[PDB]
file upload10.txt (compact mmCIF, N, CA and C atoms)
# COMPACT_ATOMS: atom_id res chain seq x y z
N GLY A 1 -6.36 39.76 189.48
CA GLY A 1 -5.01 39.45 189.01
C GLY A 1 -4.98 38.99 187.55
N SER A 2 -5.45 39.81 186.62
CA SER A 2 -5.48 39.58 185.16
C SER A 2 -5.86 40.87 184.44
N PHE A 3 -6.86 41.59 184.97
CA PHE A 3 -7.40 42.86 184.49
C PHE A 3 -7.66 43.79 185.70
N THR A 4 -8.43 44.88 185.51
CA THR A 4 -8.95 45.71 186.60
C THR A 4 -10.08 44.99 187.34
N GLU A 5 -9.71 44.33 188.44
CA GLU A 5 -10.58 43.52 189.29
C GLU A 5 -10.53 44.05 190.73
N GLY A 6 -11.67 44.46 191.29
CA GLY A 6 -11.80 44.91 192.68
C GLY A 6 -13.19 44.68 193.27
N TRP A 7 -13.35 45.01 194.56
CA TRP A 7 -14.59 44.85 195.33
C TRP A 7 -14.60 45.72 196.60
N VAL A 8 -15.78 45.95 197.17
CA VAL A 8 -15.94 46.63 198.46
C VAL A 8 -16.57 45.66 199.46
N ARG A 9 -15.92 45.50 200.61
CA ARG A 9 -16.38 44.66 201.73
C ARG A 9 -17.16 45.54 202.71
N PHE A 10 -18.44 45.25 202.91
CA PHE A 10 -19.35 46.12 203.67
C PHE A 10 -19.12 46.08 205.19
N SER A 11 -20.03 46.71 205.94
CA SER A 11 -20.28 46.50 207.36
C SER A 11 -21.51 47.30 207.81
N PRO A 12 -22.07 47.05 209.02
CA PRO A 12 -23.13 47.87 209.60
C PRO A 12 -22.63 49.24 210.09
N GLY A 13 -21.31 49.48 210.08
CA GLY A 13 -20.67 50.70 210.58
C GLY A 13 -19.89 50.47 211.89
N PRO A 14 -19.08 51.46 212.32
CA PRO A 14 -18.85 52.74 211.66
C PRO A 14 -17.87 52.65 210.48
N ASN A 15 -17.20 51.51 210.26
CA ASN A 15 -16.09 51.35 209.31
C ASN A 15 -16.26 50.16 208.33
N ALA A 16 -15.43 50.11 207.28
CA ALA A 16 -15.44 49.11 206.19
C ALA A 16 -14.14 49.14 205.34
N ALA A 17 -14.07 48.38 204.23
CA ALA A 17 -12.87 48.26 203.39
C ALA A 17 -13.17 48.16 201.88
N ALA A 18 -12.21 48.56 201.04
CA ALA A 18 -12.28 48.44 199.57
C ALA A 18 -10.92 48.12 198.93
N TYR A 19 -10.94 47.35 197.83
CA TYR A 19 -9.76 46.75 197.19
C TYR A 19 -9.84 46.79 195.65
N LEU A 20 -8.69 46.71 194.96
CA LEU A 20 -8.62 46.53 193.50
C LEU A 20 -7.24 46.15 192.96
N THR A 21 -7.24 45.56 191.76
CA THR A 21 -6.11 45.46 190.82
C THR A 21 -6.07 46.75 190.00
N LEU A 22 -4.90 47.37 189.84
CA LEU A 22 -4.74 48.74 189.32
C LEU A 22 -3.44 48.87 188.50
N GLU A 23 -3.50 49.63 187.40
CA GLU A 23 -2.53 49.54 186.31
C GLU A 23 -2.51 50.80 185.44
N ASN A 24 -1.35 51.05 184.83
CA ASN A 24 -1.02 52.28 184.13
C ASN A 24 -0.67 52.00 182.66
N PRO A 25 -1.50 52.45 181.69
CA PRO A 25 -1.18 52.33 180.27
C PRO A 25 -0.27 53.45 179.74
N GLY A 26 -0.01 54.50 180.53
CA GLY A 26 0.77 55.67 180.12
C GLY A 26 2.28 55.45 180.15
N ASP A 27 2.99 56.41 179.56
CA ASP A 27 4.46 56.43 179.42
C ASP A 27 5.15 57.22 180.55
N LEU A 28 4.36 57.86 181.43
CA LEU A 28 4.79 58.44 182.70
C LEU A 28 4.07 57.73 183.87
N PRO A 29 4.57 57.81 185.13
CA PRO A 29 4.07 56.99 186.23
C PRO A 29 2.74 57.54 186.80
N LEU A 30 1.94 56.68 187.44
CA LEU A 30 0.80 57.09 188.26
C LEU A 30 1.19 57.10 189.73
N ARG A 31 0.54 57.98 190.48
CA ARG A 31 0.62 58.06 191.95
C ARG A 31 -0.79 58.20 192.52
N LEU A 32 -1.27 57.14 193.18
CA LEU A 32 -2.61 56.96 193.73
C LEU A 32 -2.62 57.47 195.18
N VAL A 33 -3.34 58.56 195.44
CA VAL A 33 -3.29 59.30 196.72
C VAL A 33 -4.53 59.08 197.59
N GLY A 34 -5.60 58.46 197.05
CA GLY A 34 -6.78 58.05 197.81
C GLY A 34 -7.86 57.45 196.91
N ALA A 35 -9.08 57.42 197.42
CA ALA A 35 -10.30 57.19 196.64
C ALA A 35 -11.49 57.97 197.25
N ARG A 36 -12.70 57.85 196.69
CA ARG A 36 -13.87 58.66 197.04
C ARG A 36 -15.11 57.83 196.66
N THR A 37 -16.14 57.77 197.51
CA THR A 37 -17.22 56.77 197.43
C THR A 37 -18.52 57.32 198.03
N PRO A 38 -19.71 56.85 197.60
CA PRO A 38 -20.98 57.21 198.20
C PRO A 38 -21.33 56.39 199.45
N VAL A 39 -20.59 55.31 199.73
CA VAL A 39 -20.88 54.41 200.89
C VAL A 39 -20.08 54.76 202.16
N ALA A 40 -19.17 55.75 202.10
CA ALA A 40 -18.38 56.23 203.24
C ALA A 40 -18.07 57.73 203.13
N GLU A 41 -17.76 58.35 204.27
CA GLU A 41 -17.42 59.78 204.38
C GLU A 41 -15.90 59.95 204.43
N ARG A 42 -15.25 59.37 205.44
CA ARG A 42 -13.79 59.23 205.52
C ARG A 42 -13.36 57.98 204.75
N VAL A 43 -12.32 58.13 203.95
CA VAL A 43 -11.68 57.09 203.13
C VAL A 43 -10.19 57.40 203.02
N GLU A 44 -9.34 56.37 203.16
CA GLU A 44 -7.89 56.48 203.33
C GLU A 44 -7.18 55.28 202.71
N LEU A 45 -6.08 55.48 201.97
CA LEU A 45 -5.22 54.38 201.54
C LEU A 45 -4.26 53.97 202.67
N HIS A 46 -4.31 52.68 202.99
CA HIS A 46 -3.52 51.99 204.00
C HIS A 46 -2.65 50.88 203.38
N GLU A 47 -1.59 50.51 204.09
CA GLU A 47 -0.80 49.29 203.88
C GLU A 47 -1.22 48.21 204.90
N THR A 48 -0.67 47.00 204.73
CA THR A 48 -0.53 45.99 205.78
C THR A 48 0.93 45.58 205.78
N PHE A 49 1.56 45.57 206.95
CA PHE A 49 2.99 45.35 207.13
C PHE A 49 3.31 44.03 207.83
N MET A 50 4.58 43.62 207.72
CA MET A 50 5.29 42.89 208.77
C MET A 50 6.32 43.83 209.39
N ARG A 51 6.54 43.72 210.70
CA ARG A 51 7.42 44.60 211.47
C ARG A 51 7.87 43.91 212.76
N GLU A 52 9.15 44.02 213.08
CA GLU A 52 9.73 43.39 214.27
C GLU A 52 9.60 44.32 215.48
N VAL A 53 9.46 43.69 216.65
CA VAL A 53 9.28 44.35 217.96
C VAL A 53 10.25 43.74 218.97
N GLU A 54 9.82 42.66 219.62
CA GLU A 54 10.61 41.80 220.52
C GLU A 54 11.59 40.89 219.74
N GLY A 55 12.15 41.38 218.62
CA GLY A 55 12.82 40.57 217.58
C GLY A 55 11.86 39.70 216.75
N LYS A 56 10.67 39.43 217.28
CA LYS A 56 9.62 38.61 216.69
C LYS A 56 8.81 39.44 215.69
N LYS A 57 8.32 38.80 214.62
CA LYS A 57 7.56 39.47 213.56
C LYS A 57 6.09 39.69 213.97
N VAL A 58 5.64 40.95 213.98
CA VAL A 58 4.26 41.38 214.26
C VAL A 58 3.67 41.97 212.97
N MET A 59 2.35 41.84 212.75
CA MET A 59 1.67 42.27 211.51
C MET A 59 0.38 43.04 211.80
N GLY A 60 0.10 44.08 211.00
CA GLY A 60 -1.07 44.96 211.15
C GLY A 60 -1.21 45.97 210.02
N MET A 61 -2.22 46.85 210.10
CA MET A 61 -2.52 47.88 209.09
C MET A 61 -2.16 49.30 209.56
N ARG A 62 -1.99 50.24 208.63
CA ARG A 62 -1.82 51.68 208.88
C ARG A 62 -1.99 52.50 207.59
N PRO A 63 -2.36 53.80 207.65
CA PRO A 63 -2.39 54.64 206.47
C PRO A 63 -0.98 54.90 205.92
N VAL A 64 -0.94 55.07 204.60
CA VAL A 64 0.23 55.52 203.83
C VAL A 64 -0.05 56.89 203.21
N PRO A 65 0.99 57.67 202.84
CA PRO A 65 0.80 58.94 202.15
C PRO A 65 0.29 58.76 200.71
N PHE A 66 0.44 57.57 200.11
CA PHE A 66 0.09 57.23 198.72
C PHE A 66 0.47 55.78 198.39
N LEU A 67 0.03 55.32 197.22
CA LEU A 67 0.66 54.27 196.42
C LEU A 67 1.11 54.87 195.08
N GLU A 68 1.86 54.11 194.28
CA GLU A 68 2.24 54.54 192.93
C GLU A 68 2.54 53.35 192.03
N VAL A 69 2.59 53.61 190.72
CA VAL A 69 2.67 52.59 189.66
C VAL A 69 3.56 53.14 188.54
N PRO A 70 4.58 52.40 188.08
CA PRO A 70 5.40 52.85 186.96
C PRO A 70 4.60 52.84 185.65
N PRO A 71 5.10 53.51 184.59
CA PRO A 71 4.52 53.45 183.26
C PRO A 71 4.47 52.02 182.74
N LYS A 72 3.35 51.65 182.11
CA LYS A 72 3.06 50.30 181.58
C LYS A 72 2.91 49.23 182.69
N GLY A 73 3.04 49.63 183.95
CA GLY A 73 3.05 48.78 185.13
C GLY A 73 1.68 48.53 185.72
N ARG A 74 1.72 47.78 186.81
CA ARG A 74 0.58 47.22 187.52
C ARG A 74 0.92 46.93 188.99
N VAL A 75 -0.07 47.07 189.86
CA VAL A 75 -0.07 46.68 191.29
C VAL A 75 -1.43 46.07 191.67
N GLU A 76 -1.53 45.43 192.83
CA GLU A 76 -2.81 45.01 193.41
C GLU A 76 -2.89 45.40 194.90
N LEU A 77 -4.00 46.06 195.26
CA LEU A 77 -4.37 46.39 196.63
C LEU A 77 -4.89 45.13 197.34
N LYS A 78 -3.95 44.24 197.63
CA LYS A 78 -4.16 42.96 198.30
C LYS A 78 -4.57 43.15 199.78
N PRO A 79 -5.52 42.36 200.32
CA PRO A 79 -5.96 42.48 201.72
C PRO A 79 -4.83 42.17 202.73
N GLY A 80 -3.90 41.27 202.40
CA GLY A 80 -2.61 41.14 203.10
C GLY A 80 -1.59 42.16 202.59
N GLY A 81 -1.97 43.44 202.54
CA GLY A 81 -1.18 44.54 201.97
C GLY A 81 -1.98 45.83 201.81
N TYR A 82 -1.82 46.51 200.67
CA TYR A 82 -2.42 47.82 200.41
C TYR A 82 -3.93 47.74 200.18
N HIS A 83 -4.69 48.73 200.62
CA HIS A 83 -6.16 48.72 200.60
C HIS A 83 -6.70 50.10 200.98
N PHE A 84 -8.01 50.30 200.89
CA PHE A 84 -8.69 51.45 201.48
C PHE A 84 -9.37 51.07 202.79
N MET A 85 -9.16 51.86 203.84
CA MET A 85 -10.03 51.90 205.02
C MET A 85 -11.12 52.95 204.83
N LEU A 86 -12.33 52.62 205.29
CA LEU A 86 -13.54 53.44 205.19
C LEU A 86 -14.10 53.72 206.59
N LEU A 87 -14.62 54.93 206.83
CA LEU A 87 -15.16 55.37 208.11
C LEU A 87 -16.32 56.36 207.91
N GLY A 88 -17.33 56.29 208.79
CA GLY A 88 -18.55 57.09 208.65
C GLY A 88 -19.34 56.60 207.45
N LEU A 89 -20.00 55.45 207.56
CA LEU A 89 -20.70 54.84 206.43
C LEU A 89 -22.01 55.58 206.15
N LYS A 90 -21.98 56.44 205.13
CA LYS A 90 -23.06 57.41 204.89
C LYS A 90 -24.30 56.80 204.21
N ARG A 91 -24.21 55.52 203.84
CA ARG A 91 -25.30 54.66 203.38
C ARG A 91 -25.31 53.39 204.24
N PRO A 92 -26.48 52.83 204.60
CA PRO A 92 -26.57 51.42 204.97
C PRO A 92 -26.34 50.57 203.71
N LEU A 93 -25.82 49.35 203.89
CA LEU A 93 -25.35 48.51 202.78
C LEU A 93 -26.09 47.17 202.72
N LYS A 94 -26.55 46.83 201.52
CA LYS A 94 -27.26 45.60 201.21
C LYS A 94 -26.39 44.81 200.22
N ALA A 95 -26.10 43.54 200.49
CA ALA A 95 -25.21 42.71 199.66
C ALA A 95 -25.65 42.64 198.18
N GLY A 96 -24.71 42.46 197.25
CA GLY A 96 -25.03 42.32 195.82
C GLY A 96 -25.61 43.60 195.20
N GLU A 97 -25.11 44.77 195.58
CA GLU A 97 -25.14 45.97 194.75
C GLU A 97 -23.69 46.35 194.42
N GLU A 98 -23.45 47.56 193.90
CA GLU A 98 -22.11 48.03 193.58
C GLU A 98 -21.81 49.37 194.24
N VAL A 99 -20.52 49.66 194.37
CA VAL A 99 -19.97 50.91 194.86
C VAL A 99 -19.33 51.61 193.68
N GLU A 100 -19.88 52.77 193.36
CA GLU A 100 -19.24 53.76 192.50
C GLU A 100 -18.07 54.38 193.29
N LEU A 101 -16.90 54.51 192.67
CA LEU A 101 -15.65 54.86 193.33
C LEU A 101 -14.74 55.70 192.42
N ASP A 102 -14.27 56.82 192.95
CA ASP A 102 -13.36 57.78 192.32
C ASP A 102 -11.95 57.64 192.90
N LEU A 103 -11.07 56.93 192.19
CA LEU A 103 -9.67 56.71 192.56
C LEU A 103 -8.87 58.02 192.37
N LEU A 104 -8.32 58.59 193.45
CA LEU A 104 -7.67 59.90 193.45
C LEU A 104 -6.17 59.78 193.13
N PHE A 105 -5.67 60.60 192.21
CA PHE A 105 -4.26 60.60 191.78
C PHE A 105 -3.58 61.97 191.96
N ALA A 106 -2.25 61.97 192.10
CA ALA A 106 -1.47 63.18 192.38
C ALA A 106 -1.57 64.23 191.26
N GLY A 107 -2.05 65.43 191.62
CA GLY A 107 -2.40 66.51 190.69
C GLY A 107 -3.84 66.38 190.19
N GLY A 108 -4.14 66.96 189.03
CA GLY A 108 -5.49 66.98 188.44
C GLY A 108 -5.90 65.68 187.75
N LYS A 109 -5.77 64.51 188.40
CA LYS A 109 -6.31 63.25 187.92
C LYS A 109 -7.22 62.60 188.99
N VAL A 110 -8.35 62.05 188.55
CA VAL A 110 -9.20 61.11 189.28
C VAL A 110 -9.79 60.15 188.25
N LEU A 111 -9.82 58.85 188.56
CA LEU A 111 -10.28 57.80 187.64
C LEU A 111 -11.47 57.07 188.25
N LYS A 112 -12.63 57.20 187.62
CA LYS A 112 -13.87 56.61 188.10
C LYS A 112 -13.96 55.11 187.77
N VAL A 113 -14.34 54.29 188.75
CA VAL A 113 -14.63 52.85 188.60
C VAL A 113 -15.94 52.49 189.31
N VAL A 114 -16.43 51.27 189.10
CA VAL A 114 -17.58 50.70 189.81
C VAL A 114 -17.26 49.23 190.12
N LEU A 115 -17.49 48.81 191.36
CA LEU A 115 -17.04 47.53 191.92
C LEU A 115 -18.11 46.96 192.87
N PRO A 116 -18.33 45.63 192.95
CA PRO A 116 -19.43 45.03 193.71
C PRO A 116 -19.27 45.08 195.24
N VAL A 117 -20.42 45.09 195.94
CA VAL A 117 -20.57 44.96 197.39
C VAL A 117 -20.57 43.48 197.78
N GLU A 118 -19.46 43.08 198.39
CA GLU A 118 -19.31 41.90 199.22
C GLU A 118 -19.86 42.20 200.62
N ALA A 119 -20.62 41.25 201.18
CA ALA A 119 -20.92 41.25 202.61
C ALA A 119 -20.10 40.16 203.32
N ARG A 120 -19.54 40.54 204.47
CA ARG A 120 -18.44 39.94 205.24
C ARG A 120 -18.08 40.95 206.33
call {"tool": "encode", "arguments": {"input": "upload10.txt", "output": "structure tokens"}}
result
Amino acid sequence: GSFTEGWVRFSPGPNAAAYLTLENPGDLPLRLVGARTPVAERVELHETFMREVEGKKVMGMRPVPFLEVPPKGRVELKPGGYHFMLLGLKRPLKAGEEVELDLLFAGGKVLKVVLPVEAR
């Protein structure tokens, strides 16, 4: 919550999670449609919601078709909110290394980042 700040939360498998602060320096908007990583096979952008059922508020996660960001704008993939779900962990994971990550955007854009391995 100041610059491009993110991390990947590991597991022994079959699934895991990844997060970041994300922002647009351009004069047209960004639309973030996924990511891509060496530590997982399946990877998906999800939300976390509040939603009513019995009139009472219930909370949980689900995939979204995308996220997006206005020009000169910013968002954060907060764990109580938007994030990546990971499935089929194609590497075993050891704490205190990094995950190379390709953030996927609508059309011919992908933006490469590198972010640390949290164990949790």
call {"tool": "select_by_dssp", "arguments": {"input": "upload10.txt", "residues": "chain A", "states": "strand (DSSP E or B)", "output": "PyMOL selection string"}}
result
chain A and resi 6-9+15-23+30-34+42-52+57-63+67-69+74-76+83-87+98-105+109-118
call {"tool": "closest_residue", "arguments": {"input": "upload10.txt", "among": "A:28, A:104, A:50, A:22", "to": "residue A:76", "atoms": "only C-alpha atoms"}}
result
A:22
call {"tool": "closest_residue", "arguments": {"input": "upload10.txt", "among": "A:111, A:106, A:95, A:45", "to": "residue A:62", "atoms": "all atoms listed in the file"}}
result
A:45
call {"tool": "atom_distance", "arguments": {"input": "upload10.txt", "atom1": "atom CA of residue A:93", "atom2": "atom C of residue A:66"}}
result
27.2 Å
call {"tool": "closest_residue", "arguments": {"input": "upload10.txt", "among": "A:89, A:64, A:119, A:69", "to": "residue A:25", "atoms": "only C-alpha atoms"}}
result
A:69
call {"tool": "residues_around", "arguments": {"input": "upload10.txt", "residues": "stretch 32-35 of chain A", "least_positions_apart": "6", "cutoff": "10 Å", "atoms": "only C-alpha atoms", "output": "MDAnalysis selection string"}}
result
chainID A and resid 18 22 42:46 64:69 83:86 101:107 109:112
call {"tool": "residues_near_point", "arguments": {"input": "upload10.txt", "point": "(-19.2, 45.7, 201.5)", "cutoff": "5 Å", "atoms": "all atoms listed in the file", "output": "JSON, numbers by chain"}}
result
{"A": [8, 9, 10, 11, 117, 118, 119]}
call {"tool": "closest_residue", "arguments": {"input": "upload10.txt", "among": "A:37, A:113, A:30, A:57", "to": "residue A:72", "atoms": "only N, CA and C atoms"}}
result
A:30
call {"tool": "atom_distance", "arguments": {"input": "upload10.txt", "atom1": "atom C of residue A:56", "atom2": "atom C of residue A:82"}}
result
21.7 Å
call {"tool": "closest_residue", "arguments": {"input": "upload10.txt", "among": "A:39, A:29, A:80, A:15", "to": "residue A:116", "atoms": "only C-alpha atoms"}}
result
A:39
call {"tool": "axis_aligned_box", "arguments": {"input": "upload10.txt", "around": "stretch 39-50 of chain A", "padding_each_side": "5 Å", "output": "lines of an AutoDock Vina configuration file"}}
result
center_x = -7.3
center_y = 51.4
center_z = 204.6
size_x = 37.2
size_y = 27.1
size_z = 19.7
call {"tool": "closest_residue", "arguments": {"input": "upload10.txt", "among": "A:13, A:70, A:41, A:114", "to": "residue A:100", "atoms": "all atoms listed in the file"}}
result
A:114
call {"tool": "atom_distance", "arguments": {"input": "upload10.txt", "atom1": "atom CA of residue A:31", "atom2": "atom CA of residue A:63"}}
result
15.2 Å
call {"tool": "decode", "arguments": {"input": "upload10.txt", "residues": "stretch 31-69 of chain A", "atoms": "N, CA and C atoms", "output": "short mmCIF file (atom, residue, chain, number, x, y, z; two decimals), in the first residue's frame"}}
result
data_model
loop_
_atom_site.label_atom_id
_atom_site.label_comp_id
_atom_site.auth_asym_id
_atom_site.auth_seq_id
_atom_site.Cartn_x
_atom_site.Cartn_y
_atom_site.Cartn_z
N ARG A 31 -6.81 -3.72 -17.78
CA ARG A 31 -7.72 -4.82 -17.43
C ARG A 31 -6.91 -6.10 -17.23
N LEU A 32 -6.82 -6.54 -15.98
CA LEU A 32 -6.02 -7.67 -15.49
C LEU A 32 -6.88 -8.94 -15.54
N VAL A 33 -6.53 -9.88 -16.40
CA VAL A 33 -7.36 -11.06 -16.73
C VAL A 33 -6.82 -12.36 -16.12
N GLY A 34 -5.60 -12.36 -15.57
CA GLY A 34 -5.03 -13.48 -14.82
C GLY A 34 -3.59 -13.21 -14.39
N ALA A 35 -2.88 -14.29 -14.07
CA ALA A 35 -1.42 -14.31 -13.94
C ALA A 35 -0.86 -15.69 -14.35
N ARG A 36 0.46 -15.91 -14.27
CA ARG A 36 1.16 -17.08 -14.79
C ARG A 36 2.45 -17.24 -13.98
N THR A 37 2.80 -18.45 -13.55
CA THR A 37 3.81 -18.69 -12.50
C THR A 37 4.48 -20.06 -12.68
N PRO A 38 5.74 -20.25 -12.23
CA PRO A 38 6.41 -21.55 -12.24
C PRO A 38 6.04 -22.44 -11.06
N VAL A 39 5.36 -21.91 -10.03
CA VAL A 39 5.00 -22.68 -8.81
C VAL A 39 3.60 -23.31 -8.86
N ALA A 40 2.81 -23.05 -9.92
CA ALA A 40 1.48 -23.62 -10.13
C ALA A 40 1.17 -23.83 -11.62
N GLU A 41 0.22 -24.72 -11.91
CA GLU A 41 -0.23 -25.06 -13.26
C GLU A 41 -1.52 -24.28 -13.59
N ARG A 42 -2.58 -24.51 -12.81
CA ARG A 42 -3.80 -23.71 -12.83
C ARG A 42 -3.62 -22.49 -11.92
N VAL A 43 -4.02 -21.33 -12.43
CA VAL A 43 -3.99 -20.02 -11.76
C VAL A 43 -5.18 -19.19 -12.26
N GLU A 44 -5.87 -18.50 -11.34
CA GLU A 44 -7.16 -17.85 -11.57
C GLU A 44 -7.29 -16.60 -10.70
N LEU A 45 -7.78 -15.47 -11.23
CA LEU A 45 -8.15 -14.32 -10.41
C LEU A 45 -9.55 -14.51 -9.80
N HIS A 46 -9.59 -14.39 -8.48
CA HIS A 46 -10.76 -14.51 -7.62
C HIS A 46 -11.03 -13.19 -6.85
N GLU A 47 -12.27 -13.02 -6.41
CA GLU A 47 -12.70 -12.05 -5.41
C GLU A 47 -12.86 -12.72 -4.04
N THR A 48 -13.12 -11.91 -3.01
CA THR A 48 -13.75 -12.32 -1.76
C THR A 48 -14.92 -11.37 -1.54
N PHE A 49 -16.10 -11.91 -1.26
CA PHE A 49 -17.35 -11.17 -1.16
C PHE A 49 -17.91 -11.12 0.26
N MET A 50 -18.85 -10.19 0.46
CA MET A 50 -19.97 -10.36 1.39
C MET A 50 -21.25 -10.55 0.56
N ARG A 51 -22.17 -11.39 1.03
CA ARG A 51 -23.39 -11.76 0.31
C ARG A 51 -24.44 -12.27 1.30
N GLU A 52 -25.68 -11.84 1.14
CA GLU A 52 -26.78 -12.22 2.02
C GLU A 52 -27.45 -13.51 1.52
N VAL A 53 -27.95 -14.29 2.48
CA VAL A 53 -28.60 -15.59 2.26
C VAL A 53 -29.92 -15.64 3.02
N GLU A 54 -29.86 -16.03 4.29
CA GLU A 54 -30.96 -16.02 5.28
C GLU A 54 -31.24 -14.58 5.79
N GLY A 55 -31.09 -13.56 4.93
CA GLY A 55 -30.98 -12.14 5.31
C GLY A 55 -29.66 -11.78 6.01
N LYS A 56 -28.96 -12.77 6.55
CA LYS A 56 -27.71 -12.66 7.28
C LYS A 56 -26.54 -12.61 6.30
N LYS A 57 -25.48 -11.87 6.64
CA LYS A 57 -24.30 -11.69 5.78
C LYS A 57 -23.36 -12.90 5.86
N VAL A 58 -23.09 -13.56 4.73
CA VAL A 58 -22.15 -14.68 4.56
C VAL A 58 -20.98 -14.21 3.69
N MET A 59 -19.77 -14.75 3.90
CA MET A 59 -18.54 -14.32 3.21
C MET A 59 -17.71 -15.51 2.71
N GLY A 60 -17.10 -15.37 1.53
CA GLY A 60 -16.30 -16.42 0.88
C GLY A 60 -15.62 -15.95 -0.41
N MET A 61 -14.92 -16.85 -1.10
CA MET A 61 -14.17 -16.56 -2.34
C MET A 61 -14.84 -17.16 -3.58
N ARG A 62 -14.52 -16.64 -4.77
CA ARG A 62 -14.92 -17.18 -6.09
C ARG A 62 -14.11 -16.54 -7.23
N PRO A 63 -13.94 -17.20 -8.39
CA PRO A 63 -13.30 -16.57 -9.54
C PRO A 63 -14.16 -15.44 -10.11
N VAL A 64 -13.45 -14.46 -10.67
CA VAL A 64 -14.00 -13.34 -11.46
C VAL A 64 -13.52 -13.45 -12.91
N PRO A 65 -14.22 -12.82 -13.88
CA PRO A 65 -13.77 -12.79 -15.27
C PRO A 65 -12.52 -11.92 -15.46
N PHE A 66 -12.21 -11.01 -14.53
CA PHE A 66 -11.10 -10.05 -14.58
C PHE A 66 -11.11 -9.13 -13.34
N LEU A 67 -10.05 -8.34 -13.20
CA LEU A 67 -10.02 -7.05 -12.52
C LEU A 67 -9.67 -5.95 -13.54
N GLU A 68 -9.76 -4.68 -13.14
CA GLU A 68 -9.34 -3.57 -13.99
C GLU A 68 -8.97 -2.34 -13.17
N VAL A 69 -8.29 -1.39 -13.80
CA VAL A 69 -7.67 -0.22 -13.16
C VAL A 69 -7.80 0.97 -14.12
#
